[PDB]
Structure formats: C-alpha cells, structure tokens
$ cat upload-v8.cif   # mmCIF, C-alpha atoms and all ligand atoms
data_final
loop_
_atom_site.label_atom_id
_atom_site.label_comp_id
_atom_site.auth_asym_id
_atom_site.auth_seq_id
_atom_site.Cartn_x
_atom_site.Cartn_y
_atom_site.Cartn_z
CA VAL A 3 70.59 -31.59 -42.89
CA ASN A 4 70.69 -30.35 -39.28
CA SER A 5 72.75 -31.11 -36.19
CA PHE A 6 70.14 -32.98 -34.12
CA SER A 7 71.66 -36.36 -33.23
CA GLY A 8 70.39 -39.66 -31.88
CA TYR A 9 66.69 -39.10 -32.56
CA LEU A 10 64.24 -41.83 -33.52
CA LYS A 11 62.16 -40.85 -36.55
CA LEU A 12 58.43 -41.21 -35.88
CA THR A 13 57.00 -39.62 -39.05
CA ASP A 14 58.07 -37.52 -42.02
CA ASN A 15 58.52 -34.50 -39.71
CA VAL A 16 58.50 -35.67 -36.05
CA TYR A 17 61.56 -37.02 -34.22
CA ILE A 18 61.99 -38.09 -30.58
CA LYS A 19 64.83 -38.66 -28.10
CA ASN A 20 65.29 -39.46 -24.41
CA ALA A 21 67.07 -36.27 -23.41
CA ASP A 22 67.15 -33.32 -21.03
CA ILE A 23 65.90 -30.41 -23.15
CA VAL A 24 68.26 -28.07 -21.27
CA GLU A 25 71.32 -30.13 -22.19
CA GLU A 26 70.01 -30.67 -25.73
CA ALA A 27 69.57 -26.93 -26.23
CA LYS A 28 73.03 -26.12 -24.86
CA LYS A 29 74.59 -28.60 -27.32
CA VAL A 30 72.60 -27.84 -30.48
CA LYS A 31 71.86 -24.12 -29.98
CA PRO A 32 68.71 -24.50 -32.10
CA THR A 33 67.00 -21.61 -33.80
CA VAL A 34 63.93 -22.28 -31.62
CA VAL A 35 63.53 -24.01 -28.26
CA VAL A 36 59.96 -24.40 -27.03
CA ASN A 37 59.12 -23.65 -23.39
CA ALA A 38 56.20 -25.30 -21.58
CA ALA A 39 54.93 -21.92 -20.40
CA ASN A 40 51.94 -20.71 -18.40
CA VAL A 41 49.94 -17.58 -19.23
CA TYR A 42 51.87 -15.47 -16.69
CA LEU A 43 55.29 -16.65 -17.95
CA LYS A 44 56.10 -17.63 -14.34
CA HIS A 45 58.81 -20.22 -14.92
CA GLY A 46 58.72 -21.98 -11.58
CA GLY A 47 59.04 -25.69 -12.29
CA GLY A 48 58.88 -28.44 -14.83
CA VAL A 49 60.49 -27.67 -18.17
CA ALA A 50 60.03 -23.92 -17.67
CA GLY A 51 61.76 -23.85 -14.31
CA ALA A 52 64.66 -25.86 -15.73
CA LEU A 53 65.07 -23.69 -18.85
CA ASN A 54 64.89 -20.52 -16.78
CA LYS A 55 67.44 -21.81 -14.24
CA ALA A 56 69.81 -22.57 -17.12
CA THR A 57 69.56 -18.89 -18.19
CA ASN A 58 70.50 -17.71 -14.68
CA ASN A 59 66.97 -16.19 -14.37
CA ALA A 60 67.41 -13.98 -17.47
CA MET A 61 64.40 -15.70 -19.06
CA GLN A 62 62.25 -14.71 -16.06
CA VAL A 63 63.47 -11.09 -16.11
CA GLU A 64 62.65 -10.78 -19.81
CA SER A 65 59.30 -12.51 -19.28
CA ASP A 66 58.28 -10.17 -16.46
CA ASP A 67 58.84 -7.18 -18.74
CA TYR A 68 56.83 -8.90 -21.50
CA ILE A 69 53.86 -9.45 -19.17
CA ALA A 70 54.03 -5.93 -17.73
CA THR A 71 53.73 -4.57 -21.29
CA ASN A 72 51.35 -7.06 -22.92
CA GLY A 73 49.43 -8.87 -20.19
CA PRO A 74 49.01 -12.64 -19.94
CA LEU A 75 49.03 -15.05 -22.84
CA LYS A 76 46.00 -17.14 -23.78
CA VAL A 77 45.84 -20.86 -23.04
CA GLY A 78 46.73 -22.32 -26.44
CA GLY A 79 48.76 -19.21 -27.32
CA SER A 80 52.43 -18.33 -27.53
CA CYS A 81 55.01 -15.59 -27.76
CA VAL A 82 58.54 -15.46 -29.16
CA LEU A 83 61.23 -14.18 -26.79
CA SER A 84 65.00 -14.52 -26.58
CA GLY A 85 66.58 -17.95 -26.35
CA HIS A 86 69.36 -16.49 -24.16
CA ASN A 87 72.28 -18.96 -23.91
CA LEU A 88 70.10 -21.89 -25.03
CA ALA A 89 68.83 -21.02 -28.53
CA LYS A 90 68.34 -18.05 -30.83
CA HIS A 91 64.67 -17.79 -29.80
CA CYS A 92 62.40 -19.31 -27.19
CA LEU A 93 58.82 -20.00 -28.28
CA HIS A 94 56.82 -19.88 -25.03
CA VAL A 95 53.73 -22.05 -25.67
CA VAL A 96 50.86 -22.47 -23.20
CA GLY A 97 49.31 -25.91 -23.28
CA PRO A 98 46.25 -26.54 -21.11
CA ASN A 99 47.04 -27.46 -17.50
CA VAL A 100 44.70 -30.28 -16.49
CA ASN A 101 45.53 -29.59 -12.84
CA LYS A 102 43.81 -26.21 -13.41
CA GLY A 103 40.76 -27.70 -15.16
CA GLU A 104 41.69 -26.37 -18.60
CA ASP A 105 40.16 -27.77 -21.78
CA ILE A 106 42.37 -30.49 -23.27
CA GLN A 107 40.98 -29.60 -26.71
CA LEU A 108 43.20 -26.51 -26.46
CA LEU A 109 46.23 -28.79 -26.86
CA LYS A 110 45.78 -28.79 -30.64
CA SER A 111 45.68 -24.98 -30.69
CA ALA A 112 48.88 -24.95 -28.61
CA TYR A 113 50.71 -27.22 -31.08
CA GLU A 114 49.55 -25.09 -34.04
CA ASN A 115 52.01 -22.42 -32.85
CA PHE A 116 54.85 -24.76 -33.87
CA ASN A 117 53.83 -24.44 -37.55
CA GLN A 118 55.14 -20.85 -37.59
CA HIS A 119 58.72 -22.20 -37.26
CA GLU A 120 60.49 -24.46 -39.74
CA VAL A 121 62.48 -26.42 -37.11
CA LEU A 122 62.02 -26.63 -33.32
CA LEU A 123 63.37 -28.42 -30.25
CA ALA A 124 60.41 -29.02 -27.96
CA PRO A 125 58.95 -30.90 -25.00
CA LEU A 126 55.60 -32.65 -25.16
CA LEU A 127 53.01 -29.96 -24.46
CA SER A 128 50.81 -30.38 -21.38
CA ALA A 129 52.92 -33.34 -20.18
CA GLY A 130 54.69 -33.55 -16.84
CA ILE A 131 53.29 -31.21 -14.20
CA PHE A 132 50.63 -29.95 -16.65
CA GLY A 133 48.84 -33.26 -16.03
CA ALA A 134 47.89 -34.49 -19.51
CA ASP A 135 48.52 -37.98 -20.88
CA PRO A 136 51.87 -37.77 -22.74
CA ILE A 137 50.77 -40.48 -25.19
CA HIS A 138 47.88 -38.21 -26.14
CA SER A 139 50.18 -35.20 -26.39
CA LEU A 140 52.45 -37.05 -28.81
CA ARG A 141 49.44 -38.06 -30.93
CA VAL A 142 48.21 -34.46 -31.12
CA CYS A 143 51.74 -33.30 -31.97
CA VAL A 144 52.07 -35.74 -34.88
CA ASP A 145 48.58 -34.90 -36.18
CA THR A 146 49.00 -31.09 -35.87
CA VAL A 147 52.62 -30.06 -36.41
CA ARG A 148 53.74 -30.03 -40.05
CA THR A 149 57.14 -28.39 -39.52
CA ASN A 150 60.19 -30.31 -38.30
CA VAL A 151 59.97 -31.00 -34.57
CA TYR A 152 62.61 -32.66 -32.38
CA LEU A 153 60.98 -33.84 -29.15
CA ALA A 154 63.05 -34.22 -25.99
CA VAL A 155 61.58 -36.56 -23.35
CA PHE A 156 63.36 -36.36 -19.97
CA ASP A 157 62.06 -39.61 -18.46
CA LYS A 158 63.60 -42.76 -19.98
CA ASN A 159 60.72 -44.98 -18.86
CA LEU A 160 58.23 -42.59 -20.47
CA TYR A 161 60.30 -42.33 -23.65
CA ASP A 162 60.28 -46.12 -24.03
CA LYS A 163 56.52 -46.22 -23.47
CA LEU A 164 55.97 -43.45 -26.03
CA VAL A 165 58.01 -45.26 -28.69
CA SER A 166 56.59 -48.71 -27.99
CA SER A 167 52.98 -47.48 -28.06
CA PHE A 168 53.30 -45.20 -31.10
CA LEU A 169 50.86 -45.97 -33.89
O1 LIG B 201 59.26 -30.89 -17.13
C1 LIG B 201 60.12 -31.36 -17.87
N1 LIG B 201 59.87 -32.01 -19.02
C2 LIG B 201 58.61 -32.27 -19.63
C3 LIG B 201 57.47 -31.41 -19.55
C4 LIG B 201 56.39 -31.90 -20.25
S1 LIG B 201 56.77 -33.41 -21.02
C5 LIG B 201 58.40 -33.40 -20.39
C6 LIG B 201 59.27 -34.54 -20.74
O2 LIG B 201 60.51 -34.41 -20.59
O3 LIG B 201 58.75 -35.59 -21.14
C7 LIG B 201 61.57 -31.21 -17.50
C8 LIG B 201 62.61 -31.39 -18.46
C9 LIG B 201 63.97 -31.23 -18.09
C10 LIG B 201 64.26 -30.89 -16.76
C11 LIG B 201 63.26 -30.71 -15.83
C12 LIG B 201 61.91 -30.85 -16.17
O4 LIG B 201 63.81 -30.39 -14.63
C13 LIG B 201 65.20 -30.48 -14.81
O5 LIG B 201 65.47 -30.69 -16.18
#
$ encode --input "upload-v8.cif" --output "structure tokens"
Amino acid sequence: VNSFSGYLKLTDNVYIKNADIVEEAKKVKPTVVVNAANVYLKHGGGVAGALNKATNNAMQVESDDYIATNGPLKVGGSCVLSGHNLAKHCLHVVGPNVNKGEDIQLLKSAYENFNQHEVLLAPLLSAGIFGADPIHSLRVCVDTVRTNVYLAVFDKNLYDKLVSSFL
C-alpha cells in the first residue's frame, strides 16, 4: 500500500491521473520523481522548468555542478540527484526530443531507467515539448516498465484521450 490517490489502474503496474506533477510531488513526497530532462540538465521549460521552479532553482544549481563534473547525459540515459522539496530523489531521464531529430527508438531505453526503482511518480517521456506522440509514449511505458509507475498527465483533454484509447 502507498499514498498515491485517485489514479486509474491501466495494468498490473502502471497507473495514471490527470494531475500537475509538481503538485502531486509536493503532496505525496514520493521516493522518486522523474524529470523530463535534457542531456545538459538545463531545466528551462515543460516538466523540467516547472519542477525546477518549484525547487526555487536549487535543482538547476545542483544540476550545473553535476554537468561540470560528469559531462552531459546520453539520450536514453539518466542520473539520480536530489528531490529537494519535492521527493527524496529526482531521476532525471532523457527521452528523445523529436524537435531535435532524435531517434524515437531511444524512448524504450529511456523508460528502462525506471526499472531501477521500485516505485516512481513520472510524466510521459518525450511528450509535451519533446514532440513525441503521448499515446505512443504510454504504450512504450506499459511495455517496458515493470516497476510501479504513477503517471501524472497535466492536460485533462490529453488524459481523457490516453484513457479512452488505451488498449
Ligand atoms: O511539461 C509538462 N508535462 C508533460 C511533459 C511530457 S508529458 C506531460 C504531461 O503532463 O502530459 C508540465 C507539467 C506540469 C507543469 C508544466 C509542464 O508547467 C507547469 O506545470
């Protein structure tokens, strides 16, 4: 039993809710919140910009030190950093950005990072400003993640379309 509330159950391990991931994280304080990161951990907009703003830019400060030490992530890769005031940890995961021409096949590799964590609060990878089809992202999530994932979908219209079209 966990404290996630109001989710629709899609499969044995995948759950979904129309919610602002920032507000969800502040309420639940999950062990892991997933960020929709880029390889430079520049958290300018989309989910990343919102999560970083909620940390009063502490996420960005920590991220800049991470990059200065380690260099950029790989597309499809991840790193674990602090969750600040939102979660114990933040798993920064880089899905492919279609608006940069990146290979959508890398979306499966990106979701594989979730399997290293027993329970996660997450957005749909490569959705929103990353330009992929969110219906496809949900399909890859369900077919790749085996750990318990709670998906937060900001847009109510999109949430309804994701539920109604789910096979
Ligand atoms: O980019 C966002 N979400 C996202 C990303 C890929 S899918 C997806 C979704 O919610 O379906 C996002 C979430 C919450 C926000 C925000 C942006 O700005 C203020 O609060």
$ atom_distance --input "upload-v8.cif" --atom1 "CA of residue 105 in chain A" --atom2 "CA of residue 41 in chain A"
14.4 Å
$ residues_near_point --input "upload-v8.cif" --point "(62.2, -17.3, -16.6)" --cutoff "10 Å" --atoms "all atoms listed in the file" --output "number ranges by chain"
A: 37, 39, 43-47, 50-66
$ write_last_selection --input "upload-v8.cif" --atoms "C-alpha atoms" --output "CSV table (one decimal), in the frame of the given file"
chain,number,residue,atom,x,y,z
A,37,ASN,CA,59.1,-23.6,-23.4
A,39,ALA,CA,54.9,-21.9,-20.4
A,43,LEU,CA,55.3,-16.6,-18.0
A,44,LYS,CA,56.1,-17.6,-14.3
A,45,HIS,CA,58.8,-20.2,-14.9
A,46,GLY,CA,58.7,-22.0,-11.6
A,47,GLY,CA,59.0,-25.7,-12.3
A,50,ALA,CA,60.0,-23.9,-17.7
A,51,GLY,CA,61.8,-23.8,-14.3
A,52,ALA,CA,64.7,-25.9,-15.7
A,53,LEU,CA,65.1,-23.7,-18.8
A,54,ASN,CA,64.9,-20.5,-16.8
A,55,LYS,CA,67.4,-21.8,-14.2
A,56,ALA,CA,69.8,-22.6,-17.1
A,57,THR,CA,69.6,-18.9,-18.2
A,58,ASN,CA,70.5,-17.7,-14.7
A,59,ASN,CA,67.0,-16.2,-14.4
A,60,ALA,CA,67.4,-14.0,-17.5
A,61,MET,CA,64.4,-15.7,-19.1
A,62,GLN,CA,62.2,-14.7,-16.1
A,63,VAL,CA,63.5,-11.1,-16.1
A,64,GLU,CA,62.6,-10.8,-19.8
A,65,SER,CA,59.3,-12.5,-19.3
A,66,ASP,CA,58.3,-10.2,-16.5
$ residues_around --input "upload-v8.cif" --residues "residue 92 in chain A" --least-positions-apart "6" --cutoff "9 Å" --atoms "all atoms listed in the file" --output "PyMOL selection string"
chain A and resi 33-37+81-86
$ closest_residue --input "upload-v8.cif" --among "A:151, A:89, A:12, A:27" --to "ligand LIG 201 (chain B)" --atoms "only C-alpha atoms and all ligand atoms"
A:27
$ residues_around --input "upload-v8.cif" --residues "residue 119 in chain A" --least-positions-apart "2" --cutoff "8 Å" --atoms "all atoms listed in the file" --output "PDB file with C-alpha atoms, in the frame of the given file"
ATOM      1  CA  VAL A  34      63.930 -22.280 -31.620  1.00  0.00           C
ATOM      2  CA  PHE A 116      54.850 -24.760 -33.870  1.00  0.00           C
ATOM      3  CA  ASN A 117      53.830 -24.440 -37.550  1.00  0.00           C
ATOM      4  CA  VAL A 121      62.480 -26.420 -37.110  1.00  0.00           C
ATOM      5  CA  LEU A 122      62.020 -26.630 -33.320  1.00  0.00           C
ATOM      6  CA  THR A 149      57.140 -28.390 -39.520  1.00  0.00           C
TER       7      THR A 149
END
$ closest_atom_pairs --input "upload-v8.cif" --of "chain A" --to "ligand LIG 201 (chain B)" --cutoff "10 Å" --atoms "all atoms listed in the file" --output "Markdown table"
| residue | atom | partner | partner_atom | distance |
| --- | --- | --- | --- | --- |
| A:19 | CA | B:LIG201 | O2 | 9.7 |
| A:20 | CA | B:LIG201 | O2 | 7.9 |
| A:21 | CA | B:LIG201 | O2 | 7.4 |
| A:22 | CA | B:LIG201 | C9 | 4.8 |
| A:23 | CA | B:LIG201 | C9 | 5.5 |
| A:24 | CA | B:LIG201 | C9 | 6.2 |
| A:25 | CA | B:LIG201 | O5 | 8.4 |
| A:26 | CA | B:LIG201 | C9 | 9.8 |
| A:37 | CA | B:LIG201 | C3 | 8.8 |
| A:38 | CA | B:LIG201 | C3 | 6.6 |
| A:39 | CA | B:LIG201 | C3 | 9.9 |
| A:47 | CA | B:LIG201 | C12 | 7.1 |
| A:48 | CA | B:LIG201 | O1 | 3.4 |
| A:49 | CA | B:LIG201 | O1 | 3.6 |
| A:50 | CA | B:LIG201 | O1 | 7.0 |
| A:51 | CA | B:LIG201 | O4 | 6.9 |
| A:52 | CA | B:LIG201 | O4 | 4.7 |
| A:53 | CA | B:LIG201 | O5 | 7.5 |
| A:55 | CA | B:LIG201 | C13 | 9.0 |
| A:56 | CA | B:LIG201 | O5 | 9.3 |
| A:97 | CA | B:LIG201 | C4 | 9.8 |
| A:124 | CA | B:LIG201 | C5 | 9.0 |
| A:125 | CA | B:LIG201 | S1 | 5.2 |
| A:126 | CA | B:LIG201 | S1 | 4.4 |
| A:127 | CA | B:LIG201 | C4 | 5.7 |
| A:128 | CA | B:LIG201 | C4 | 5.9 |
| A:129 | CA | B:LIG201 | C4 | 3.8 |
| A:130 | CA | B:LIG201 | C4 | 4.2 |
| A:131 | CA | B:LIG201 | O1 | 6.7 |
| A:132 | CA | B:LIG201 | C4 | 7.1 |
| A:133 | CA | B:LIG201 | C4 | 8.8 |
| A:134 | CA | B:LIG201 | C4 | 8.9 |
| A:135 | CA | B:LIG201 | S1 | 9.4 |
| A:136 | CA | B:LIG201 | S1 | 6.8 |
| A:139 | CA | B:LIG201 | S1 | 8.7 |
| A:140 | CA | B:LIG201 | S1 | 9.6 |
| A:153 | CA | B:LIG201 | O3 | 8.5 |
| A:154 | CA | B:LIG201 | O2 | 6.0 |
| A:155 | CA | B:LIG201 | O2 | 3.7 |
| A:156 | CA | B:LIG201 | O2 | 3.5 |
| A:157 | CA | B:LIG201 | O2 | 5.8 |
| A:158 | CA | B:LIG201 | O3 | 8.7 |
| A:159 | CA | B:LIG201 | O3 | 9.9 |
| A:160 | CA | B:LIG201 | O3 | 7.1 |
| A:161 | CA | B:LIG201 | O3 | 7.4 |
| A:164 | CA | B:LIG201 | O3 | 9.7 |
$ write_last_selection --input "upload-v8.cif" --atoms "C-alpha atoms" --output "PDB file, in the frame of the given file"
ATOM      1  CA  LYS A  19      64.830 -38.660 -28.100  1.00  0.00           C
ATOM      2  CA  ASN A  20      65.290 -39.460 -24.410  1.00  0.00           C
ATOM      3  CA  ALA A  21      67.070 -36.270 -23.410  1.00  0.00           C
ATOM      4  CA  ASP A  22      67.150 -33.320 -21.030  1.00  0.00           C
ATOM      5  CA  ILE A  23      65.900 -30.410 -23.150  1.00  0.00           C
ATOM      6  CA  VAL A  24      68.260 -28.070 -21.270  1.00  0.00           C
ATOM      7  CA  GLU A  25      71.320 -30.130 -22.190  1.00  0.00           C
ATOM      8  CA  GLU A  26      70.010 -30.670 -25.730  1.00  0.00           C
ATOM      9  CA  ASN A  37      59.120 -23.650 -23.390  1.00  0.00           C
ATOM     10  CA  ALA A  38      56.200 -25.300 -21.580  1.00  0.00           C
ATOM     11  CA  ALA A  39      54.930 -21.920 -20.400  1.00  0.00           C
ATOM     12  CA  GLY A  47      59.040 -25.690 -12.290  1.00  0.00           C
ATOM     13  CA  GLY A  48      58.880 -28.440 -14.830  1.00  0.00           C
ATOM     14  CA  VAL A  49      60.490 -27.670 -18.170  1.00  0.00           C
ATOM     15  CA  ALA A  50      60.030 -23.920 -17.670  1.00  0.00           C
ATOM     16  CA  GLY A  51      61.760 -23.850 -14.310  1.00  0.00           C
ATOM     17  CA  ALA A  52      64.660 -25.860 -15.730  1.00  0.00           C
ATOM     18  CA  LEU A  53      65.070 -23.690 -18.850  1.00  0.00           C
ATOM     19  CA  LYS A  55      67.440 -21.810 -14.240  1.00  0.00           C
ATOM     20  CA  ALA A  56      69.810 -22.570 -17.120  1.00  0.00           C
ATOM     21  CA  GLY A  97      49.310 -25.910 -23.280  1.00  0.00           C
ATOM     22  CA  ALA A 124      60.410 -29.020 -27.960  1.00  0.00           C
ATOM     23  CA  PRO A 125      58.950 -30.900 -25.000  1.00  0.00           C
ATOM     24  CA  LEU A 126      55.600 -32.650 -25.160  1.00  0.00           C
ATOM     25  CA  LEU A 127      53.010 -29.960 -24.460  1.00  0.00           C
ATOM     26  CA  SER A 128      50.810 -30.380 -21.380  1.00  0.00           C
ATOM     27  CA  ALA A 129      52.920 -33.340 -20.180  1.00  0.00           C
ATOM     28  CA  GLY A 130      54.690 -33.550 -16.840  1.00  0.00           C
ATOM     29  CA  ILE A 131      53.290 -31.210 -14.200  1.00  0.00           C
ATOM     30  CA  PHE A 132      50.630 -29.950 -16.650  1.00  0.00           C
ATOM     31  CA  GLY A 133      48.840 -33.260 -16.030  1.00  0.00           C
ATOM     32  CA  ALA A 134      47.890 -34.490 -19.510  1.00  0.00           C
ATOM     33  CA  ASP A 135      48.520 -37.980 -20.880  1.00  0.00           C
ATOM     34  CA  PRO A 136      51.870 -37.770 -22.740  1.00  0.00           C
ATOM     35  CA  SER A 139      50.180 -35.200 -26.390  1.00  0.00           C
ATOM     36  CA  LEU A 140      52.450 -37.050 -28.810  1.00  0.00           C
ATOM     37  CA  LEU A 153      60.980 -33.840 -29.150  1.00  0.00           C
ATOM     38  CA  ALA A 154      63.050 -34.220 -25.990  1.00  0.00           C
ATOM     39  CA  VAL A 155      61.580 -36.560 -23.350  1.00  0.00           C
ATOM     40  CA  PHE A 156      63.360 -36.360 -19.970  1.00  0.00           C
ATOM     41  CA  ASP A 157      62.060 -39.610 -18.460  1.00  0.00           C
ATOM     42  CA  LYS A 158      63.600 -42.760 -19.980  1.00  0.00           C
ATOM     43  CA  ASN A 159      60.720 -44.980 -18.860  1.00  0.00           C
ATOM     44  CA  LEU A 160      58.230 -42.590 -20.470  1.00  0.00           C
ATOM     45  CA  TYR A 161      60.300 -42.330 -23.650  1.00  0.00           C
ATOM     46  CA  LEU A 164      55.970 -43.450 -26.030  1.00  0.00           C
TER      47      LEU A 164
END
$ atom_distance --input "upload-v8.cif" --atom1 "CA of residue 32 in chain A" --atom2 "CA of residue 90 in chain A"
6.6 Å
$ atom_distance --input "upload-v8.cif" --atom1 "CA of residue 108 in chain A" --atom2 "CA of residue 77 in chain A"
7.1 Å
$ closest_residue --input "upload-v8.cif" --among "A:7, A:80, A:13, A:167" --to "residue 114 in chain A" --atoms "all atoms listed in the file"
A:80
$ closest_residue --input "upload-v8.cif" --among "A:4, A:163, A:120, A:10" --to "residue 150 in chain A" --atoms "only C-alpha atoms"
A:120
$ axis_aligned_box --input "upload-v8.cif" --around "range 153-169 of chain A" --padding-each-side "5 Å" --output "AutoDock Vina command-line options"
--center_x 57.2 --center_y -41.3 --center_z -26.2 --size_x 22.7 --size_y 24.9 --size_z 25.4
$ closest_residue --input "upload-v8.cif" --among "A:142, A:169, A:96, A:88" --to "residue 76 in chain A" --atoms "only C-alpha atoms"
A:96
$ closest_residue --input "upload-v8.cif" --among "A:67, A:74, A:152, A:144" --to "residue 5 in chain A" --atoms "all atoms listed in the file"
A:152
$ residues_around --input "upload-v8.cif" --residues "residue 112 in chain A" --least-positions-apart "3" --cutoff "6 Å" --atoms "only C-alpha atoms" --output "PyMOL selection string"
chain A and resi 78-79+97+109+115
